[PDB]
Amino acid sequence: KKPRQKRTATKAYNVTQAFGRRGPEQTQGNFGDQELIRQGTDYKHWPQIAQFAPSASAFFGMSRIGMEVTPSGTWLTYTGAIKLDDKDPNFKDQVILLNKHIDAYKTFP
């Protein structure tokens, strides 16, 4: 039922079904290995990924936001960067986990 931005992926409604196939196009998402894509927020290390996701206030606070109002459709666009905390004892594990999921689709069979 829900607008795309408010969906929560799970094993019953997975990342592909919720957000489309992972791929190279500007309008496709590129994040997730095979296990994350199948499990969504059921994934065993989801809480470690979700720690980087913005609050509603931070999404509107930190990002560069645009509006593309066209004859074909309107899109709110967003871009930004979130600094990892070097001095967090889990930093090395975070780097590893993010490395596993970013562009992982490139290697799928």
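Between two forms, the rigid core is defined as the largest C-alpha subset superposing within 1.5 Å. The first residue of the shown sequence is 1; numbering continues from there.
Novice: Which of these two stretches, 32 to 40 or 66 to 74, has the larger RMS Cα offset in 9 other deposited structures of this protein when the rigid core is kept aligned?
Specialist: Farther from the shown form on average in 9 other deposited structures of this protein: 66 to 74.
Novice: Per the entry, where is the mean C-alpha temperature factor higher: 80 to 88 or 37 to 45?
Specialist: Going by the record's values, the stretch with the higher mean is 80 to 88.
Novice: From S57, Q51, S72, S63, pick the one with the largest CA B-factor in the entry?
Specialist: Out of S57, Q51, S72, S63, the record gives the largest C-alpha B-factor to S72.
Novice: What third of the chain, by the recorded C-alpha B-factor, contains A18?
Specialist: For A18, whose C-alpha B-factor we compare with every modelled residue in the chain, the answer is the lowest third.
Novice: Divide the modelled residues of the chain into thirds by Cα B-factor and specify which third, lowest, middle or highest, holds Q5.
Specialist: Answer is lowest: the recorded C-alpha B-factor places it there.
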